[PDB]
Amino acid sequence: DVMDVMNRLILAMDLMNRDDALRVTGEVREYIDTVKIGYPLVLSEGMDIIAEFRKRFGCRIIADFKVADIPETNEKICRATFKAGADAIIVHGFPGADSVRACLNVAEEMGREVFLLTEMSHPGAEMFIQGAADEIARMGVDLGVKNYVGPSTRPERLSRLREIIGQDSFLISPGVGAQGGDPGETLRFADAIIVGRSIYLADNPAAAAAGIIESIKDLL
Amino acid sequence: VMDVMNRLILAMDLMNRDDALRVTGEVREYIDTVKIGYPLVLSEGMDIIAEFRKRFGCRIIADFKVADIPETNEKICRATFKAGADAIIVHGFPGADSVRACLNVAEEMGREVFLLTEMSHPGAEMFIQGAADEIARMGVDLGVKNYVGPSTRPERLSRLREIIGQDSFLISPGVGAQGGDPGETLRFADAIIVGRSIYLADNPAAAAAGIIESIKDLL
Ligand SMILES: O=c1cnn([C@@H]2O[C@H](COP(=O)(O)O)[C@@H](O)[C@H]2O)c(=O)[nH]1
Ligand SMILES: O=c1cnn([C@@H]2O[C@H](COP(=O)(O)O)[C@@H](O)[C@H]2O)c(=O)[nH]1
Ligand SMILES: [Cl-]
Ligand SMILES: [Cl-]
Ligand SMILES: [Cl-]
Ligand SMILES: [Cl-]
Ligand SMILES: [Mg+2]
Ligand SMILES: [Mg+2]
């Protein structure tokens with residue numbers, strides 16, 4: 001009852017040039033059927049980039065927009081994003097339950113999915129987010145959230161998040177490669193890993209993706 | 001310090017280009033600063049920012065609630081300033097490195113970062129509020145000079161002003177629709193942000209005029 005992510009690998013396509021983003025995504029298409037598109041690409045090339053990716057590749061689209069506004073604005077952001085063809089959207093939990101519920105309501109109405117970001121993968125996440133993360137996760141469970149994002153860079157924290165959300169929830173995890181998270185270790189807890197720079201900055205992105213997949217072969 | 005006409009910033013969150021341009025045009029004599037967010041940008045494209053500057057000459061604050069890792073924050077700020085935004089709103093909750101990433105790009109491109117410390121909606125009480133004073137102190141430590149705090153809790157807005165000092169610039173949303181009072185908010189904030197009370201009004205011009213009339217002794 002979850003999205004079927006090919007090879008447990010999601011491409012974080014954060015190149016800001018349309019031609020480059022299209023080239024690299026095309027090059028790794030045989031390995032990946034799920035692409036995470038964020039604001040670096042969307043603010044550079046427009047929401048029609050989601051359309052273009054759909055048309056060009058057979059890929060699901062997760063809009064990594066880290067939605068973090070008041071409920072009224074969150075609703076509008078989700079509506080615009082799903083209208084453009086995103087399958088799912090990533091939403092911050094730290095602004096509270098009403099802000100998350102606004103996103104869930106739009107997703108329910110529009111037949112799409114919310115991913116709740118609990119803890120983040122970068123060093124600064126330790127300052128405020130980490131201390132709230134278990135409660136944000138528990139809040140997500142109470143709100144009926146089924147999809148979550150947690151940090152590969154902190155295996156102990158990722159393990160705890162998996163415990164809180166349960167085995168049935170879907171968990172994806174960034175911070176793999178460039179930020180130091182290990183693909184295999186991360187897949188102990190996450191359903192899929194998110195990988196950006198390790199793939200898209202490689203001299204041969206296809207070889208990079210193939211290499212990650214070979215390293216996790218027995219987990220597929 | 002940014003000089004906001006009438007201490008009033010229009011939150012232009014209409015999602016149609018024609019309506020957004022028409023309504024902004026109707027209130028142009030009252031404002032010179034417009035806050036543009038994702039509702040309009042995701043619906044009409046980042047080119048709308050240059051169009052606002054071409055039509056109105058207004059300052060543009062990009063309310064993008066920037067809340068990613070430092071590397072991604074850098075890219076978001078670069079794309080946003082390339083589109084002609086004068087300033088960007090950044091969440092403090094993701095920590096100091098994420099804020100510093102934004103400050104670096106703003107310095108490079110001659111723009112400003114506004115640090116959002118406490119939000120105006122009820123859910124802000126769950127996690128943000130208890131971190132807000134510390135987020136503000138982090139802003140001070142980082143050399144942030146521009147801040148955003150909640151009209152809906154004037155005691156919290158006053159505390160934010162206390163932390164950042166009189167020299168810092170403070171703008172405040174939640175006025176009107178969310179219940180904040182224009183005059184009370186301006187006791188502590190340099191400028192108020194107003195969206196729906198203006199842009200959903202039967203007569204936006206009269207709405208803006210009315211707000212300004214209510215604070216005329218503060219201008
Ligand atoms: O806690 C998080 C949440 N999201 N991302 C996003 O995941 C991707 C990671 O890419 P990378 O492999 O190049 O580090 C980027 O798009 C980044 O904004 C994180 O890195 N950490
Ligand atoms: O703590 C915050 C931060 N930002 N905003 C933004 O300020 C505007 C408020 O508009 P309104 O007057 O229509 O409520 C909207 O764009 C909203 O996303 C808030 O309302 N509260
Ligand atoms: Cl709201
Ligand atoms: Cl930090
Ligand atoms: Cl980073
Ligand atoms: Cl709430
Ligand atoms: Mg310079
Ligand atoms: Mg008055």
# chains A, B, ... in the order shown; residues from 1 in each chain; ligands from 1

call {"tool": "residues_near_ligand", "arguments": {"ligand": "ligand 3", "cutoff": "6 Å", "atoms": "only C-alpha atoms and all ligand atoms", "output": "list in words"}}
result
residues 70, 71 and 72 of chain A

call {"tool": "residues_around", "arguments": {"residues": "region 23-27 of chain B", "least_positions_apart": "3", "cutoff": "8 Å", "atoms": "only C-alpha atoms", "output": "CSV table (one decimal) with N, CA and C atoms, in the first residue's frame"}}
result
chain,number,residue,atom,x,y,z
B,12,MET,N,0.7,39.6,-1.1
B,12,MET,CA,-0.1,39.3,-2.3
B,12,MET,C,-0.1,37.8,-2.6
B,19,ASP,N,-5.6,38.9,-11.5
B,19,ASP,CA,-6.1,39.4,-10.2
B,19,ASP,C,-5.1,40.1,-9.3
B,20,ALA,N,-3.9,39.4,-9.2
B,20,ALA,CA,-2.8,39.9,-8.4
B,20,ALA,C,-2.3,41.2,-8.9
B,30,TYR,N,-0.9,53.4,-1.8
B,30,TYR,CA,-0.8,53.2,-0.4
B,30,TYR,C,0.5,52.4,0.1
B,31,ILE,N,1.1,51.7,-0.9
B,31,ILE,CA,2.3,50.9,-0.5
B,31,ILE,C,3.4,51.0,-1.5
B,56,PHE,N,5.2,48.5,-10.9
B,56,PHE,CA,4.9,49.3,-9.6
B,56,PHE,C,6.2,49.9,-9.0
B,199,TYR,N,-6.7,42.0,0.1
B,199,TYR,CA,-6.9,41.4,-1.2
B,199,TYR,C,-8.2,40.6,-1.4
B,204,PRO,N,-10.5,46.6,-2.2
B,204,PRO,CA,-9.2,46.6,-1.6
B,204,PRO,C,-8.6,48.0,-1.3
B,205,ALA,N,-8.8,48.9,-2.2
B,205,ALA,CA,-8.3,50.3,-2.0
B,205,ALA,C,-8.9,50.9,-0.7
B,208,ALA,N,-7.3,49.1,2.4
B,208,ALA,CA,-6.0,49.7,2.7
B,208,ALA,C,-6.1,51.1,3.3

call {"tool": "select_by_dssp", "arguments": {"residues": "region 4-187 of chain B", "states": "strand (DSSP E)", "output": "PDB file with C-alpha atoms, in the first residue's frame"}}
result
ATOM      1  CA  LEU B   8       2.193  48.585   5.456  1.00  0.00           C
ATOM      2  CA  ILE B   9       3.366  45.576   3.439  1.00  0.00           C
ATOM      3  CA  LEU B  10       0.875  43.902   1.097  1.00  0.00           C
ATOM      4  CA  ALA B  11       0.877  40.097   1.247  1.00  0.00           C
ATOM      5  CA  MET B  12      -0.060  39.304  -2.340  1.00  0.00           C
ATOM      6  CA  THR B  33       6.547  47.087  -0.556  1.00  0.00           C
ATOM      7  CA  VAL B  34       4.957  43.815  -1.599  1.00  0.00           C
ATOM      8  CA  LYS B  35       5.447  40.384  -0.048  1.00  0.00           C
ATOM      9  CA  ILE B  36       5.215  37.670  -2.695  1.00  0.00           C
ATOM     10  CA  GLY B  37       5.020  34.047  -1.626  1.00  0.00           C
ATOM     11  CA  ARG B  59      10.286  46.454  -3.178  1.00  0.00           C
ATOM     12  CA  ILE B  60       9.719  42.713  -3.220  1.00  0.00           C
ATOM     13  CA  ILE B  61      10.085  40.475  -0.180  1.00  0.00           C
ATOM     14  CA  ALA B  62      10.070  36.793  -1.151  1.00  0.00           C
ATOM     15  CA  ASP B  63       8.251  34.945   1.624  1.00  0.00           C
ATOM     16  CA  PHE B  64       9.639  31.524   0.885  1.00  0.00           C
ATOM     17  CA  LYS B  65       9.965  30.277   4.495  1.00  0.00           C
ATOM     18  CA  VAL B  66      13.389  28.890   3.555  1.00  0.00           C
ATOM     19  CA  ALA B  87      14.780  40.171   0.446  1.00  0.00           C
ATOM     20  CA  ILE B  88      13.889  36.651   1.491  1.00  0.00           C
ATOM     21  CA  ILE B  89      12.178  35.199   4.556  1.00  0.00           C
ATOM     22  CA  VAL B  90      14.050  32.326   6.209  1.00  0.00           C
ATOM     23  CA  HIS B  91      13.006  29.993   9.039  1.00  0.00           C
ATOM     24  CA  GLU B 112      18.542  41.089   2.908  1.00  0.00           C
ATOM     25  CA  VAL B 113      17.533  38.067   4.960  1.00  0.00           C
ATOM     26  CA  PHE B 114      14.493  38.303   7.239  1.00  0.00           C
ATOM     27  CA  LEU B 115      14.632  35.745  10.071  1.00  0.00           C
ATOM     28  CA  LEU B 116      11.269  34.257  11.020  1.00  0.00           C
ATOM     29  CA  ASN B 146      15.699  41.862   9.916  1.00  0.00           C
ATOM     30  CA  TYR B 147      13.082  39.758  11.694  1.00  0.00           C
ATOM     31  CA  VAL B 148       9.520  38.482  11.418  1.00  0.00           C
ATOM     32  CA  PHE B 169      13.929  45.847  11.607  1.00  0.00           C
ATOM     33  CA  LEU B 170      10.804  43.863  12.517  1.00  0.00           C
ATOM     34  CA  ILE B 171       7.803  43.071  10.290  1.00  0.00           C
ATOM     35  CA  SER B 172       4.690  41.277  11.459  1.00  0.00           C
TER      36      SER B 172
END

call {"tool": "residues_near_ligand", "arguments": {"ligand": "ligand 7", "cutoff": "10 Å", "atoms": "only C-alpha atoms and all ligand atoms", "output": "VMD selection string"}}
result
chain B and resid 105 to 110

call {"tool": "residues_around", "arguments": {"residues": "residue 37 (chain A)", "least_positions_apart": "3", "cutoff": "8 Å", "atoms": "only C-alpha atoms", "output": "compact mmCIF listing (two decimals) with N, CA and C atoms, in the first residue's frame"}}
result
# COMPACT_ATOMS: atom_id res chain seq x y z
N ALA A 12 17.54 12.91 -6.05
CA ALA A 12 17.28 14.29 -5.67
C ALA A 12 17.82 15.18 -6.78
N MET A 13 16.95 15.63 -7.67
CA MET A 13 17.39 16.39 -8.83
C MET A 13 17.43 17.89 -8.52
N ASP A 14 18.57 18.32 -7.98
CA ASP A 14 18.76 19.71 -7.56
C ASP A 14 19.69 20.51 -8.47
N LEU A 41 15.43 23.58 -8.58
CA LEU A 41 15.04 23.42 -9.97
C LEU A 41 13.75 24.17 -10.32
N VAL A 42 12.75 24.08 -9.44
CA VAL A 42 11.46 24.71 -9.70
C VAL A 42 11.53 26.24 -9.77
N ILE A 50 7.87 19.88 -13.81
CA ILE A 50 7.27 18.64 -13.31
C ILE A 50 6.60 17.94 -14.49
N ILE A 61 6.87 11.80 -9.16
CA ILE A 61 7.47 13.03 -8.73
C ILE A 61 7.11 13.37 -7.29
N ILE A 62 8.13 13.53 -6.47
CA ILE A 62 7.96 14.02 -5.10
C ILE A 62 8.45 15.45 -5.06
N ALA A 63 7.57 16.38 -4.71
CA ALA A 63 7.94 17.79 -4.65
C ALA A 63 8.48 18.11 -3.26
N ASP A 64 9.79 18.35 -3.18
CA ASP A 64 10.42 18.58 -1.89
C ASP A 64 10.35 20.07 -1.58

call {"tool": "residues_near_ligand", "arguments": {"ligand": "ligand 6", "cutoff": "10 Å", "atoms": "only C-alpha atoms and all ligand atoms", "output": "list in words"}}
result
residues 71, 95, 96, 97, 98, 99, 100, 101 and 139 of chain A; 121, 122, 123, 124, 125, 126 and 127 of chain B

call {"tool": "write_last_selection", "arguments": {"atoms": "N, CA and C atoms", "output": "short mmCIF file (atom, residue, chain, number, x, y, z; two decimals), in the first residue's frame"}}
result
data_model
loop_
_atom_site.label_atom_id
_atom_site.label_comp_id
_atom_site.auth_asym_id
_atom_site.auth_seq_id
_atom_site.Cartn_x
_atom_site.Cartn_y
_atom_site.Cartn_z
N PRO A 71 -1.63 27.42 8.04
CA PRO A 71 -2.53 26.50 7.33
C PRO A 71 -3.09 27.06 6.01
N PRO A 95 6.12 23.46 12.23
CA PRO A 95 5.07 24.48 12.43
C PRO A 95 3.77 24.00 13.10
N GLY A 96 3.65 22.72 13.42
CA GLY A 96 2.52 22.28 14.22
C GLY A 96 1.43 21.53 13.47
N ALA A 97 0.47 21.02 14.23
CA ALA A 97 -0.50 20.07 13.70
C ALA A 97 -1.44 20.70 12.69
N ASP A 98 -1.88 21.93 12.95
CA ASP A 98 -2.81 22.58 12.02
C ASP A 98 -2.19 22.77 10.65
N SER A 99 -0.93 23.18 10.63
CA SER A 99 -0.22 23.32 9.36
C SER A 99 -0.08 22.00 8.62
N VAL A 100 0.13 20.90 9.35
CA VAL A 100 0.24 19.59 8.70
C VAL A 100 -1.12 19.15 8.20
N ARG A 101 -2.14 19.31 9.04
CA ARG A 101 -3.50 18.92 8.69
C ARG A 101 -4.02 19.65 7.45
N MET A 139 3.05 13.03 16.46
CA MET A 139 1.99 13.88 15.93
C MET A 139 1.56 13.41 14.55
N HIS B 121 0.21 31.55 13.60
CA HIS B 121 -0.93 30.66 13.63
C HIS B 121 -0.92 29.81 14.91
N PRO B 122 -2.06 29.22 15.26
CA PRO B 122 -2.15 28.45 16.51
C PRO B 122 -1.10 27.34 16.66
N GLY B 123 -0.81 26.63 15.58
CA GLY B 123 0.17 25.56 15.63
C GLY B 123 1.57 25.99 16.01
N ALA B 124 1.86 27.29 15.90
CA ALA B 124 3.16 27.81 16.30
C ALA B 124 3.44 27.54 17.78
N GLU B 125 2.38 27.36 18.56
CA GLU B 125 2.54 27.11 19.99
C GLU B 125 3.17 25.76 20.30
N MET B 126 3.06 24.80 19.38
CA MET B 126 3.49 23.43 19.66
C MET B 126 5.00 23.30 19.80
N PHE B 127 5.73 23.81 18.81
CA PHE B 127 7.18 23.65 18.78
C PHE B 127 7.93 24.96 18.61
#

call {"tool": "residues_around", "arguments": {"residues": "residue 41 (chain B)", "least_positions_apart": "2", "cutoff": "10 Å", "atoms": "only C-alpha atoms", "output": "number ranges by chain"}}
result
A: 43, 46-47, 77, 80; B: 13-17, 36-39, 43-49, 62, 64

call {"tool": "select_by_dssp", "arguments": {"residues": "chain A", "states": "alpha helix (DSSP H)", "output": "PyMOL selection string"}}
result
chain A and resi 18-27+39-45+48-56+71-83+97-110+129-143+155-165+183-186+197-200+205-215

call {"tool": "residues_near_ligand", "arguments": {"ligand": "ligand 2", "cutoff": "6 Å", "atoms": "only C-alpha atoms and all ligand atoms", "output": "number ranges by chain"}}
result
A: 69-70, 73; B: 11, 13, 119-120, 150, 173-178, 194-196
